[PDB]
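# Quick one, structure for this:
(5 chains)
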Amino acid sequence: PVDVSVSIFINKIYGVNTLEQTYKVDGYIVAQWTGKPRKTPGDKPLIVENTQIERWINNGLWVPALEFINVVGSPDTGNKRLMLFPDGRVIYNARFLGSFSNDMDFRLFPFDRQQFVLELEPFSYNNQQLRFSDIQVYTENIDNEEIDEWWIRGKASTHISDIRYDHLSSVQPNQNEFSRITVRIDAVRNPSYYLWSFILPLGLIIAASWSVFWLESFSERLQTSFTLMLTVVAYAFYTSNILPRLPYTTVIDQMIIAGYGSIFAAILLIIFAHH
Amino acid sequence: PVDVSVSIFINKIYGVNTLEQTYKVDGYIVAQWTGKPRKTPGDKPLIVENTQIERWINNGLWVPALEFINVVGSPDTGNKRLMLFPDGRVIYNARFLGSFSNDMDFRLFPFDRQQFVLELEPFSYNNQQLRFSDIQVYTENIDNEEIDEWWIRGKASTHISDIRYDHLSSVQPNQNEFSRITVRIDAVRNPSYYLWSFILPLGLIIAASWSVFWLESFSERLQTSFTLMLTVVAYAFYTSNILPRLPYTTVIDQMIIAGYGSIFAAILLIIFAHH
Amino acid sequence: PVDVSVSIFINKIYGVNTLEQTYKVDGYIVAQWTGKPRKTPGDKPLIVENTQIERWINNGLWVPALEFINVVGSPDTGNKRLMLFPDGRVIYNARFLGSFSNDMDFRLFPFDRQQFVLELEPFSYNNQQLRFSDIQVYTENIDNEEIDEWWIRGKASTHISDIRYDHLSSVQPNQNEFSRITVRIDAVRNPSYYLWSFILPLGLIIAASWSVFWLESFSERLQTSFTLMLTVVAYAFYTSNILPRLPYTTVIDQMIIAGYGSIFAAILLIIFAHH
Amino acid sequence: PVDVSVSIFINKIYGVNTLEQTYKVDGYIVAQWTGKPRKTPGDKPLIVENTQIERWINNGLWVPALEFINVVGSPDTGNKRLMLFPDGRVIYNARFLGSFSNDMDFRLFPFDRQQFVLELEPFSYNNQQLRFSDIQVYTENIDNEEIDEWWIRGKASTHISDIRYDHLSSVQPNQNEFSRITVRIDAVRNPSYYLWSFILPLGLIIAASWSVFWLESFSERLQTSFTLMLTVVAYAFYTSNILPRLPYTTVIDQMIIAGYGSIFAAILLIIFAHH
Amino acid sequence: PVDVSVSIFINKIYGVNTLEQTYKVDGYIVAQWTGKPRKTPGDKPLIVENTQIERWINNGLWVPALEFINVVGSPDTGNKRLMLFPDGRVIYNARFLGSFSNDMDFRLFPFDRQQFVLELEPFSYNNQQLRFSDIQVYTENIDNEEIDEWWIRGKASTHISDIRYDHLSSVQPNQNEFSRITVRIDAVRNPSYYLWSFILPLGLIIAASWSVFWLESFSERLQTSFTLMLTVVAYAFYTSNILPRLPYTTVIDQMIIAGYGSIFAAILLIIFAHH
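Numbering: from 1, shown residues only, chains lettered A, B, ... in the order given. Please see the structure below:
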């Protein structure tokens, strides 16, 4: 098996659209791996640019199509280049960009932390021909930076594993195991925006519910508490477009339903006392 | 007729946009089928990658264009590879991705269950040359997993049928029958989010309608009930973007119109009692 | 002139986005037309798939580029195939998909009916070389089906006309007439959703205006009628995104402005009676 | 310099999205220009379709890439054809479609009129080789028609000018002048929709402000005027998505701020009279 | 190293979508650089258009792929041309368009000023072969113009720096330094729209809070102040879609939370005085 020494450069991480569960990562991929030595023009290494390596592939050169697994859509590769050292090593430097997906739970919506993953796997070849030797993620551009609401703390952890696919077992009997790469970028939500803008005014609405508890006119209590329902109905509209369609409850919608429950408790209390 | 032994690997199912009736499925397609034996380089099987099989097709090799029927748009195939075993078998492994469509009724919107289908059919050849032998959907990645609000329960059922198209009958008199593949993935809506977030506060609004029934000031009853109309008007706005444009009624809009009817019943009752 | 016997298969009609005046139609196009006989391999007809007919076109084969006229954007053709019968007939079966546009008036918005048209025309050739012989729209998939709010009643009517373009008259003196195809699919809005969800609650708001006519406290009448303005302002917001930017009035915005006029009539009446 | 006799056919004008300053125009471009005579097959003119003229370009044929200047994005050309008359003239008929941009002021938002421009310019060649002879816009399809809210009155005016670019002066010393085409389609907003739907209910809100001026209970005056603020806050939400992000004021937001000023004048008057 | 004399023409700057941190810039790129002299047809310079320079690249011609760094997505190049002067100079004129990204803080949201940057860098070659000699941004089209809310004041500043990438150090030991270009266009938000439309009505709401401070009925004070909460809840909905998801506070959301704090101060004051 021909070992590949991959190394991923992360340039920017942006557009974490949690509504439909994706995030875009932009950067560079480097795939150094050894091969048969050849005679290049001069002692200088040979550089072949985009839309010219296809001639080399048709001429008989091998280059692996390192696809991504957790990507949605086609990863739109920009410029891509292919080193050809005379003594044997080949470097496949390409600029990758795609929308990547994680499971990415939201148990605590403002106090939130997940992992950004780039699950890389050879599409065509299995562990018998291509096995990934090592990976070093040189992510010095975003290693300690403040991007969007996602603070990237710590270095990017890496994994090299042998993942066996069973859907190729019917067509490949014993050679269907793949050398998979999984990097993990630890990212934490910055909760300053939500704490400043969404949570405290909900506390003010709950304080207004305490005020209508303190109110001293029963029909006017009912009128004010219906205005409270109008106030909480004013929520979860510019709020529903920031949390995803999610089966369990966050703390934000828990605060919304707690305000609804307190308001309804106030009205059921005053009606049951009136009757 | 040359038999094809297809096998579909389902990787991820995501983005079930019920508003305009689509869902995206991502995965791998494997099409094993026998052919004329050839002399490959060495005893090793021959691997041809993306944008290189076109040379083989121009050289005279046959490969079927297995299209999808329930797909909208072009299915953006990523990397695709073509085995060439020396003794005759050919494997066409490709990574497919497209937006697929089902009829997908919504008679019970939160308590909802449908089938995700991938209706596969040979585009160019009929039952006389290409007949699908068998399919085994090795969907072990999503067989029992919790994705979005869609819990995938049970294994993926399969069907092989002979579907006759009549629009080719005028140009092909007796040979216009197609061997069609229909897989069925049983999927159920998780109703936890809607039960927690939409249905119970509507019950609180109906309880507030009971409270304004209990109210003891006629002009103030009218004022509060108009605030109730404002409250129900606050619904079906962040709610109308989660159910599709659909001719009959769900239970959610049935609850909305029941709240409207109860509110109007309260007002017509108090006005008819006043007169 | 070489006659072409076209026949369009309609698969699905979806996504009638009336806001910016488009609708998507998906289906198959068949273009049977006779030509010079050739020697095909064997007595079997020759099948050439996608991205292989270009070699035949470069080799000297003629195939017409049947474009659409009422399409917006490029119609994204998927797989496309080209029969070659030995005795002379050629069949050009392709899968077309595009967003199509009609004038599509909305004089009665819920009680609405229009025609879906697919205006087909040869792009390159005029009536002297290519004249469309006949069309039979075999639309059995959507002939009597319930899609979205659009019930497709009746069969699809067809037209063959000779449309003369004047912009080619300066460059082609006497040969600038085109054999145009216009099919017409009669489609009717299903008014159940609007009658159930939008029109009747507006009647309830008008009944509340009758109630504030019945009210017996002048300052409280003014307060309630301003709450009525708040109620009608709550409309035409989730309503304005369902009707297009349209110069005249529908019946929905007529109901909105009638509610506004009744509310303002109530307030001007009570103010003029107060003064 | 080789003269080009261009003539643009306008098919449809649609999608004038004033929010981010664009409009789409669809139609046909015809570029007749003389060249070296050649021997075509027979006396019949030669027709070459899409994705086949590239062979002629590689064979040595000249064809200008007539780009657009005020276009945003790439103009997605559909089918395109190239005449080859034997005696010398060449006609380049193509179907262009793109999103075009004008400065397009909005000083009077409902009583609005602008010019739709299609600024055409040769990308590669300057005035020394390619000079546009004349243009006649045969826009008979939209010359007098009612599209969206834009009534197209009058014929489309044309301009031929020599525009000098200075960014090519450092690399081309004396030959950097371009023969530019600017057509102008005079378009006027139809103000019926805004006059019927937005302006008159604002007058009703101002009349309600007159009514709260007429009101006879000071605390109830304050309550009603705060409901007036709620009413005007209900505006500029479904209104802010119809006018662009624009530095000066239209008449619509002038009416909004005039309502705000009248409401605040009423409250400051009653508070200053109370004190 | 072969020096390159680049010069960027800026045509339009539009679509500064601050919500997800991007801005589009449209214009022309000119890359003049010397090379080996060749025999061109005649003394006239040779012009090669789009989709024809690939033949020259395959024939052995060198042309650099000048990529952008701060671009998101692929920059969709339109028409592109390549001069070939006989004595040696080569000019690579291309029309670039892409969405570019800056850090772009928003510490003062209406009183806002940032820099638009176009960070240009050779993708394939390092400082040993390609070093950028000089840049002159001939931006006379937008140098002093009023675009959107962004007034472009001053000329576009330029920078030429040697930026060393460390992710290529493992594969290139001593030759991994890149000659990077960074232009800076100084742009200032026009604050007229926000001052006219958002800030002053917030001052009117604060004045209404002063009015409810002046109010003389405690239950009616509570009712009015809850209507004030409804008024401020009416904000930050058509306001939240104009400022990005941002961790710290602007002055607009500071005004929103100051209104919330003043309203809650009023209610806590009247409740504590009542108790």
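
# any idea what residue A:160 is structurally, helix, strand or coil?
strand (DSSP: H, G, I helix; E, B strand; the rest coil).

# Surely it is in contact with residue A:136?
No. Applying CB atoms under 8 Å, one finds residue A:160 not in contact with residue A:136, separated by 11.4 Å. Just so you know, the C-beta spots here come from the backbone N, C-alpha and C atoms, and that holds for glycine as well.

# Could you tell me which helix of chain A is the longest one?
helix A:252-274 (DSSP state H).

# Okay, buried residues for stretch A:44-52 please.
A:48, A:49, A:50 (16 or more other CB atoms under 10 Å in any protein chain shown).

# The first one against residue A:84, yeah?
Yes. Counting by CB under 8 Å, residue A:84 is a contact partner of residue A:48 at 7.1 Å.

# circling back: mind checking which of the buried residues of stretch A:44-52 land in helices?
Among the buried residues of stretch A:44-52, DSSP H puts none in helices.

# Go through those and flag which are in strands.
Using DSSP state E, the subset of the buried residues of stretch A:44-52 located in strands is residue A:48.

# can you redo the buried residues of stretch A:44-52 as JSON lines with distance to residue E:7?
Below are the buried residues of stretch A:44-52 laid out as JSON lines (distance: CB to CB, whole Å):
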{"residue": "A:48", "distance to residue E:7": "28"}
{"residue": "A:49", "distance to residue E:7": "22"}
{"residue": "A:50", "distance to residue E:7": "23"}
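
# Out of the buried residues of stretch A:44-52, which is nearest to chain D?
residue A:50 (18.4 Å; CB to the nearest CB).

# Can you give me every residue that contacts that closest one?
A:78, A:79, A:80, A:81, E:65 (CB atoms under 8 Å, 6 or more residues apart in numbering or on different chains).

# Look up how far residue A:28 lies from the second one.
For residue A:79, the distance to residue A:28 equals 10 Å [CB to CB, to the nearest Å].

# One more: the third one?
Separation of residue A:80 from residue A:28 (CB to CB) stands at 10 Å.

# just the first one next, same as before
According to CB to CB, residue A:78 and residue A:28 sit 10 Å apart.

# How about residue A:101?
From residue A:101 to residue A:28 the distance is 21 Å (CB to CB).

# can you confirm residue A:221 is in a helix?
Yes. Secondary structure assignment (three-state DSSP) places residue A:221 inside a helix.

# so what's it closest to, chain neighbours aside?
residue A:215 (4.7 Å; CB to CB, 6 or more residues apart in numbering or on different chains).

# Looks like that neighbour contacts residue A:223 (just checking).
No. If you go by CB under 8 Å, residue A:215 and residue A:223 don't touch, sitting 9.6 Å apart.

# Farthest-apart pair in the contacts of residue A:50, please.
A:78 and A:81 (10.8 Å; CB to CB).

# Between the two, which contacts overlap?
A:50, A:94, E:123.

# and the residue nearest to residue A:192 when sequence neighbours are not counted, how many neighbours?
Take residue A:192 and drop its neighbours on the chain: the residue closest to it by CB to CB, 6+ apart is residue E:247, 4.3 Å away. The number of residues packed near residue E:247 is 17, by other CB atoms under 10 Å in any protein chain shown.

# Need the phi and psi values for the closest residue to residue A:185 other than its chain neighbours.
Spatial nearest neighbour of residue A:185, chain neighbours left out: residue A:116 (4.0 Å); criterion: CB to CB, 6+ apart. Note on residue A:116: its backbone torsions stand at phi -90, psi 120 [degrees, to the nearest 10].

# surely residue A:116 meets residue A:27?
No. If you go by CB under 8 Å, residue A:116 and residue A:27 don't touch, sitting 11.6 Å apart.

# returning to that earlier point: check the shared contacts of residue A:78 and residue A:81 against residue D:89 and report the nearest one.
Of all the shared contacts of residue A:78 and residue A:81, residue D:89 sits closest to residue A:50, with 38.4 Å by CB to CB.

# Which residues of the stretch 151-275 of chain A lie near chain B?
A:165-171, A:218-220, A:222-223, A:226-227, A:229-230, A:233-234, A:236-237, A:240, A:245-249, A:253, A:257, A:260-261, A:263-264, A:267-268, A:271, A:274-275 (CB under 8 Å from any CB of the partner chain).

# Would you show me how to pick out the buried ones of these in ChimeraX?
Filtering these down to the buried ones (16+ other CB under 10 Å) takes a single ChimeraX command:
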select /A:165,167,168,171,218,219,220,222,223,226,227,229,230,233,234,236,240,245,246,247,249,253,257,260,263,264,267,271
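
# Surely residue A:211 touches residue E:267?
Yes. Residue A:211 is within contact range of residue E:267, at 5.2 Å (criterion: CB under 8 Å).

# any idea how far the closest residue to residue A:149 other than its chain neighbours is from chain D?
Once flanking residues are discounted, residue A:149 sits nearest to residue A:190: 4.3 Å by CB to CB, 6+ apart. With distances taken as CB to the nearest CB, to the nearest Å, residue A:190 is found 27 Å from chain D.

# Show the contacting residues for residue A:190.
Contact partners of residue A:190, counting by CB under 8 Å, 6+ apart, are A:146, A:149, A:150, A:151, E:247.

# Among those residues, name the buried ones.
A:149, A:150, A:151, E:247.

# what sits against the closest residue to chain E within the stretch 151-275 of chain A?
The minimum distance from the stretch 151-275 of chain A to chain E, using CB to the nearest CB, falls at residue A:234 (3.8 Å). Applying CB under 8 Å, 6+ apart to residue A:234 gives the contacts B:234, E:230, E:233, E:234, E:237.

# Now that you've got the contacts of residue A:50, can you turn the buried subset into something I can paste into ChimeraX?
Restricted to buried positions by 16+ other CB under 10 Å, the ChimeraX selection for those reads:
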select /A:78,79,80,81 /E:65
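
# just the contacts of residue A:50 now: which is nearest residue E:22?
Nearest to residue E:22 among the contacts of residue A:50, with distances taken as CB to CB, is residue A:78, at 16.6 Å.

# Torsion angles phi and psi at the closest residue to the closest one other than its chain neighbours?
In space, and not counting its chain neighbours, residue A:78 is closest to residue A:95: 4.3 Å by CB to CB, 6+ apart. Main-chain torsions, residue A:95, degrees, to the nearest 10: phi -100, psi 110.

# Distance-wise, check residue A:192 relative to chain B.
According to CB to the nearest CB, residue A:192 stands 26 Å off from chain B.

# Would you map the helices across chain A?
A:53-59, A:192-194, A:200-213, A:218-233, A:252-274.

# quick one: the strands in chain A?
Using DSSP E, strands in chain A cover A:2-14, A:23-33, A:46-48, A:66-68, A:71-72, A:80-84, A:90-100, A:113-122, A:130-135, A:146-147, A:150-152, A:157-164, A:177-189.

# Redo those strands as CSV? Include distance to residue D:109.
Shown next, in CSV, are these (distance: least, CB to CB, whole Å):
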stretch, distance to residue D:109
strand A:2-14, 35
strand A:23-33, 37
strand A:46-48, 56
strand A:66-68, 48
strand A:71-72, 41
strand A:80-84, 49
strand A:90-100, 38
strand A:113-122, 45
strand A:130-135, 57
strand A:146-147, 39
strand A:150-152, 40
strand A:157-164, 55
strand A:177-189, 41
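
# Which one of those strands lies nearest to residue E:13?
Of all the strands of chain A, it is strand A:2-14 that lies closest to residue E:13, at 20.2 Å by CB to CB.

# And the closest one, what's buried?
A:4, A:5, A:6, A:7, A:8, A:9, A:10, A:11, A:12, A:13, A:14.

# before we move on, what about stretch A:102-122?
Those would be A:102, A:104, A:106, A:109-110, A:112, A:114, A:116-122, for stretch A:102-122 by 16+ other CB under 10 Å.

# Just the closest of the contacts of residue A:50 to residue E:201, please.
residue A:78 (46.0 Å).

# Would you map out the domains in chain A?
A:1-190, A:191-275 (CATH domains of a matching chain).

# Endpoint to endpoint, the longest one covers what distance?
Using CA to CA, to the nearest Å, one end of domain A:1-190 lies 45 Å from the other.
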